[PDB]
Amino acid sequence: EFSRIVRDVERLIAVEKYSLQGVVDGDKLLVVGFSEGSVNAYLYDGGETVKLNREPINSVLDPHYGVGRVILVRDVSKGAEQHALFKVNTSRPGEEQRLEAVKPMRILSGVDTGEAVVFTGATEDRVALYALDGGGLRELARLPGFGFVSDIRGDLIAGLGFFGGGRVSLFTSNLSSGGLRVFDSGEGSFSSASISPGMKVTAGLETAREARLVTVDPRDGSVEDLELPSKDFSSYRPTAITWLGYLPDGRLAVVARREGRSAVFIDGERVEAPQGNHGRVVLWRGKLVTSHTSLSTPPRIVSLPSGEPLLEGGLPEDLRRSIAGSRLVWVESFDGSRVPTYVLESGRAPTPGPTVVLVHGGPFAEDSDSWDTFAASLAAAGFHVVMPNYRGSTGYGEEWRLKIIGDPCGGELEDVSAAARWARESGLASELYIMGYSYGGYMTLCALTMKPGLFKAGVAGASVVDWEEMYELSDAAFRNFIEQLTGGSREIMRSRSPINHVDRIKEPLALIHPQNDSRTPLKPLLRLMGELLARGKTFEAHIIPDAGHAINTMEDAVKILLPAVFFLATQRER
């Protein structure tokens, strides 16, 4: 029945998905949309979307309210994520002017004030904060690691820095003269940031098991808790902060979350919103607008508190019926920790039935009540889906997130393995598979090498294979992240690399990998194939042309997803 599968996977990939970016030109929404087979940028106003870009893009920079242009970010390296920036004047959609003062680099983030384009980027030798204005390009600061611009008000630039130990610092700079100041909390990590009318930095602070709001004065580094007019926020007791931002009327919008579902607050007061997860919030036409998604709702743009959709891709009825349910469960792991695990029940599988432990990437990411095309495709193909938030995940507090540091292929793998055991013991699973992309594919390899026999077969997509060789091929941002994750230990880099444990593998493995991935490079995957072959192991492989880690077309998504589904479907017929 592999042709009905191809049709489903294609349709699931093809459904339109929207992301809210801001408000530009004359009170028009700026949205990034996956539509017509690729990622594009649109203006929305009444009913007509207007396409701003020509060729597919990856993202746009964050515009200040009402600015008359959009800065596209586009990979100009066939997936290697050397990106260039292209200005589109909102009054002349489809006319792109490349910003040639900026040589290609990995663009990490940025904001457009209308007078300066401020962005962070990584090259081979550094990560930096840059400003481009009418006078040309300037390097404001070199950063100690991944950094992201959060907000600019006047000359004050605020951002978030991964500058050591897995922890997130706040940073500020000056638009006119550059420099850098770093603010490190001893309680936890800063999570989102926005500059108040008073020129203090409002930030989410994620502590051991909770999250709150703080005010940082960039002049003296003083921090204090921020109390809001309404106490709905406090009383919600979020674990994590998704996003926050000052609206143009001075009110503070915050999206915060717990147990994989978020809520929206304006000056601390709850605003009704559809169940699942939300993104940015903007004031448009004097009304509140956000993005929304859930496990059964592809990302869409909705009005609050109505919940009425402004932009939404429809899911076909027959596909909707493929997802028979979802649940959040707490799996007990090796040390007694409770692993929050999202479960998707297939309507096309019995119970007990074939079940895939689909391991998330990052590692600093989470499985949540948010749309997941891979999880949906598995349900449509007749597999239940188990999605464990292993230690290292976001969404459950700083202490759980930091447990991974210095211990890749250790406790987090136990968490994945405990989720696998739960799926069988709880009676959901008749047979067990493992699948993941990126850090998830790492986990597949680690499970098959370190836990032979636990799974029937594994799918490893865009995998980490060898920390040591990857390190040598990585840009400045990735080198630093590798050092942080591995705790700067060569012994960890080696012992936790599954290329060094190939002899232990006993289960069928499918490798899937984009040839131009600059994060998880193909080179070590070739050596892994060589090891599998020399040792007589069973394996299959699919390498995808002219694509990298970030997939921005339906054609590339099909090529990275379909083989995995075919492979698992074929395994299930054994």
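Heads up: residue numbers just count along the shown sequence, starting at 1.
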Would you please confirm whether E345 lacks atomic coordinates in a third or more of the other entries that were compared?
no
If you look at the other compared entries where the surrounding residues are built, does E100 lack coordinates in a third or more?
no
Comparing mean C-alpha B factor in the record for 233-241 and 442-450, the higher one is 233-241
Compare the mean C-alpha B-factor of 457-465 with that of 252-260 as given in the PDB entry, and name the stretch with the higher value.
252-260
C-alpha B-factor winner, where the candidates are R167, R391, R479, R280
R280
Candidate residues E139, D75, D112, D225, the one whose C-alpha B factor the record puts highest
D225
Among all modelled residues of this chain, ranked by Cα B factor, put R285 in the bottom, middle or top third, i.e. lowest, middle or highest.
highest
Is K17 in the lowest, middle or highest third of its chain when residues are ranked by C-alpha B-factor?
middle
Lowest, middle or highest third: where is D503 by Cα B-factor in its chain?
middle
Looking at the entry's B-factor column for C-alpha atoms only, identify whether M554 ranks in the lowest, middle or highest third of its chain.
middle
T49 - which third its CA temperature factor falls in, relative to the rest of the chain:
highest
